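Trainee: take a look and give me a structure for this.
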Amino acid sequence: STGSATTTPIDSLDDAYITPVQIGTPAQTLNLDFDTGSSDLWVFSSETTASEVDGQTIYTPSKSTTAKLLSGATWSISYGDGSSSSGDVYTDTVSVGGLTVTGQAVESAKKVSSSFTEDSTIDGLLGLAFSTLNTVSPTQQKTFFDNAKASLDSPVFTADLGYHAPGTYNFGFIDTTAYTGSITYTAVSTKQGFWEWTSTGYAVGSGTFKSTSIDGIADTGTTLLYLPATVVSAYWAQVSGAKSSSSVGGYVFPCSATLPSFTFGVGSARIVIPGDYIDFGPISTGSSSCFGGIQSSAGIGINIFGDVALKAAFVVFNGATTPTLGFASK
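Mentor: Residues are numbered from 1 along each chain as shown. Here you go:
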C-alpha cells in the first residue's frame with residue numbers, strides 16, 4: 001500500500017504545516033501537524049476542556065462506530081517550545097492520503113496549553129519519530145507509520161515541504177519526479193528516539209565549506225533551524241546590523257537586509273537553503289526588526305534541522321530495519 005497527502009503552511013511565514021487526516025467511521029477530517037520529532041497522535045476532541053478550544057475541529061469518538069476506549073490508558077506530553085497536552089486514548093481507523101491503519105491509538109486531549117488553544121489552524125499532532133518516545137501509559141502505543149510499515153510497498157515516508165506553498169507527505173514510495181539529482185542517504189541513530197543524523201558541515205552564502213560534524217534531528221514539527229552558536233554567529237555576521245537580542249529571544253536583523261543562503265552537508269552532497277527561507281518577518285507588526293530563521297541550539301541540548309532546512313530538500317525517512325535519512329535537492 002501507499003498514501004499521499006498534501007501538506008499546507010498554516011500562515012504566510014510557514015510557521016507550521018497541516019495535513020488532512022481522516023479519523024473514525026464515518027470519517028472525521030482533522031488537520032494535523034505531522035511531527036517527525038515526536039511520536040504521539042493526539043487531537044482536539046469532544047473531551048477537551050471547553051475553555052481551551054478556540055476554532056479547532058474536534059474529534060468526537062462517540063460519533064465513530066469504530067472508536068474503542070483504550071481502557072486505562074492516558075498520555076501527557078511536553079514539547080521543546082514549552083507547550084503541552086494530555087488526556088485519554090481511543091483506538092480507531094486513521095487514514096492519510098488513502099493509506100488506512102486500523103486500531104491506531106488516537107490520543108484524545110482533555111487539556112491543552114495556551115499555545116495550542118491560540119492556534120486555530122492545528123487540530124492536533126501526528127507523530128512520526130520512533131515509537132519509543134510515545135507517551136501513552138501504561139501500554140506504550142505505536143505511531144501511524146509504525147503501524148502502517150509492514151503493509152507499505154517500501155517501509156518509508158517522505159517529506160517534501162514547500163516554501164510559502166503546499167507540499168507533500170508520501171508513505172510507502174519515493175516519487176522520483178519530486179527531486180533533482182540523486183538522493184544522498186546518511187546514517188541514523190535511534191538511541192534518543194529521533195531521526196538523528198550527522199551533517200558533514202556548512203557554508204554561509206558563497207563562502208567556503210567548513211567540514212565539521214553537526215549532530216542533529218530531522219524535525220518537521222520545529223519551524224526553524226537550530227545549530228551550534230559558533231555556526232549561527234558565523235551566519236549572522238554576514239548580515240549587516242544583525243544581532244542576538246535577549247529581549248526578543250534570538251537573532252534579529254534589519255528588515256532592509258538581503259540574507260545570504262546557508263548550505264548544509266549530507267555526506268558529500270550539499271543542500272542549499274536560499275536566504276529568503278531564513279526571513280521570518282517583523283518581530284511585531286510594523287517593526288523594521290525581522291526575526292531570523294537560523295537560531296542557536298545552545299540550551300536546547302540538541303541541534304534541530306527544522307522546517308527551514310527540510311523545506312529546501314526532498315527528505316526520505318527510511319524505516320527499514322536499519323533506519324536511514326535521505327536528502328535530495330529539488
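
Trainee: and the spatially most central residue of the chain, how far from residue 191?
Mentor: Against the mean C-alpha coordinate of the chain, by C-alpha atoms, centre = their mean, the closest residue is residue 220 at 1.8 Å. Note on residue 220: its distance to residue 191, by C-beta to C-beta, to the nearest Å, is 20 Å. Heads up, the C-betas are built off the backbone N, CA and C, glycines and all.

Trainee: what of residue 41?
Mentor: For residue 41, the distance to residue 191 - C-beta to C-beta - is 23 Å.

Trainee: so between these two, which is more surrounded?
Mentor: residue 41 (30 against 9; other C-beta atoms under 10 Å).

Trainee: beta partners of that one?
Mentor: residue 126 (DSSP bridges).

Trainee: got the contact list for it?
Mentor: 32, 94, 104-107, 124-127, 143-144 (C-beta atoms under 8 Å, 6 or more residues apart in numbering).

Trainee: helices of the chain, start to end?
Mentor: With DSSP state H as the criterion, the chain has helices at 114-118, 144-148, 229-236, 307-310.

Trainee: most tightly surrounded among those?
Mentor: Burial of these is given as mean neighbour count (mean count of other C-beta atoms under 10 Å); helix 307-310 ranks first at a mean of 26.

Trainee: list the contacts of it.
Mentor: 14, 16-17, 159, 161, 218-220, 222-225, 264, 271, 273, 277-278, 293-294.

Trainee: so which of the residues you listed belong to strands?
Mentor: 17, 159, 218, 225, 264, 271, 273, 294 (DSSP state E).

Trainee: closest to residue 240 out of the residues you listed?
Mentor: residue 294 (16.1 Å; C-beta to C-beta).

Trainee: just give the nearest non-adjacent residue to the residue nearest to the centre of the chain, would you?
Mentor: Using C-beta to C-beta, 6 or more residues apart in numbering and skipping the chain neighbours, the partner closest in space to residue 220 is residue 36 (4.5 Å).

Trainee: wait, doesn't the one you found sit right on residue 195?
Mentor: Yes: if you go by C-beta atoms under 8 Å, residue 36 and residue 195 touch, sitting 5.6 Å apart.

Trainee: quick revisit: tabulate the helices of the chain (TSV), appending distance to residue 169.
Mentor: Listed next are the helices of the chain as TSV, based on distance: least, C-beta to C-beta, whole Å:
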stretch	distance to residue 169
helix 114-118	21
helix 144-148	10
helix 229-236	29
helix 307-310	12
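
Trainee: residue 284 is nearest to which of those?
Mentor: helix 114-118 (16.1 Å).

Trainee: off-centre distance for that closest one?
Mentor: 18 Å (C-alpha atoms, centre = their mean, to the nearest Å).

Trainee: contacting residues around that helix?
Mentor: For helix 114-118, using C-beta under 8 Å, 6+ apart, the contacting residues are 44, 52-54, 81-83, 85, 122.

Trainee: in strands, which of those fall?
Mentor: Those of the contacts of helix 114-118 lying in strands (DSSP E): residue 85.

Trainee: which of the contacts of helix 114-118 are buried?
Mentor: 44, 52-53, 83, 85, 122 (16 or more other C-beta atoms under 10 Å).

Trainee: which two of the residues you listed have the greatest separation?
Mentor: 53 and 83 (15.3 Å).

Trainee: where along the stretch 51-200 of the chain do the strands fall?
Mentor: With strands called from DSSP state E, counting those that start in this stretch, the stretch 51-200 of the chain shows them at 68-78, 84-96, 99-112, 124-127, 156-160, 167-171, 184-187, 196-204.

Trainee: so which of the ones you listed gets nearest residue 61?
Mentor: Per C-beta to C-beta, nearest to residue 61 of these: strand 84-96, 4.8 Å.

Trainee: now that closest one - C-alpha only, CSV.
Mentor: The C-alpha coordinates for strand 84-96 follow below in CSV (Å, rounded to 0.1, in the frame of the first residue of the first chain):
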residue,chain,number,x,y,z
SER,A,84,1.9,20.6,26.4
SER,A,85,-1.3,18.5,26.3
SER,A,86,-2.7,15.4,28.0
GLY,A,87,-5.7,13.1,28.0
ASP,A,88,-7.0,9.6,27.4
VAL,A,89,-6.9,7.2,24.4
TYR,A,90,-9.1,5.6,21.9
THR,A,91,-8.2,3.2,19.1
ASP,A,92,-9.8,4.0,15.7
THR,A,93,-9.4,3.8,12.0
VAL,A,94,-7.0,6.5,10.7
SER,A,95,-6.3,7.3,7.0
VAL,A,96,-3.7,9.6,5.5
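
Trainee: tell me how far stretch 214-233 lies from the chain's centre.
Mentor: The answer for stretch 214-233 is 13 Å, by C-alpha atoms, centre = their mean.

Trainee: what of stretch 74-94?
Mentor: With C-alpha atoms, centre = their mean, you get 16 Å for stretch 74-94.

Trainee: also stretch 236-244?
Mentor: The chain centre lies 27 Å from the centre of stretch 236-244; the measure is C-alpha atoms, centre = their mean.
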